[PDB]
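Cβ sites come from the backbone with ideal geometry, for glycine too, and all protein chains shown count toward neighbours. Nothing in this text is a laboratory measurement; each read-out follows from the coordinates by a stated rule.
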Amino acid sequence: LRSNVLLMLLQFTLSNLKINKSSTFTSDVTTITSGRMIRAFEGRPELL
Amino acid sequence: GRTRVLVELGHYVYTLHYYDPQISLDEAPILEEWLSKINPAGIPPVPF
């Protein structure tokens, strides 16, 4: 079990060695936060 | 005749409906139409 768990954690780590990239930042024009520089998930509102 | 709601808009666009005084009308559908178009994006002009 210690082999299979740790080899999953290596598969957890190396799957996750990416570079965080800023997409685009719009102002929240609506009233929900009223002007906060929201992450603009443009084409995918199902993740916003 | 239960609840009296104050609604705080600082400044707003109004639109007004001139009625005959000889005609009875419940003014709820004039304002439920106003409520039916409020989203967090915007507010339609207030039906006085």
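So here's what we get for this one:
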quantity	calculated
Where B:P21 falls short, out of the listed (1) over 22 Å from A:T30 (Cα atoms); (2) surrounded by 10 or more Cβ atoms within 10 Å (Cβ to Cβ); (3) not aromatic (F, W, Y)	(2)
Test: residue in region B:6-18 that is surrounded by 10 or more Cβ atoms within 10 Å (Cβ to Cβ) and more than 14 Å from chain A (Cβ to nearest Cβ)	yes
Considering residues of region B:30-48 that are over 13 Å from B:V13 (Cα atoms), of a type outside the set (A, V, I, L, M) and within 14 Å of chain A (Cβ to nearest Cβ) only, the residue farthest from the chain's Cα centre (by Cα)	B:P40
In region A:1-46, residue nearest to the other protein chains (Cβ to nearest Cβ) [restricted to those that are in contact with a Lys or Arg (Cβ under 9 Å, 6 or more places away or on another chain) and in a loop (DSSP other than H, G, I, E, B)]	A:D28
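Conditions tested, residue by residue: (1) hydroxyl-bearing (S, T, Y); (2) under 30 Å from B:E8 (Cα atoms); (3) surrounded by 10 or more Cβ atoms within 10 Å (Cβ to Cβ).
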residue	(1), (2), (3)
A:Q11	no, no, yes
A:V29	no, yes, yes
A:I38	no, yes, yes
A:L47	no, no, no
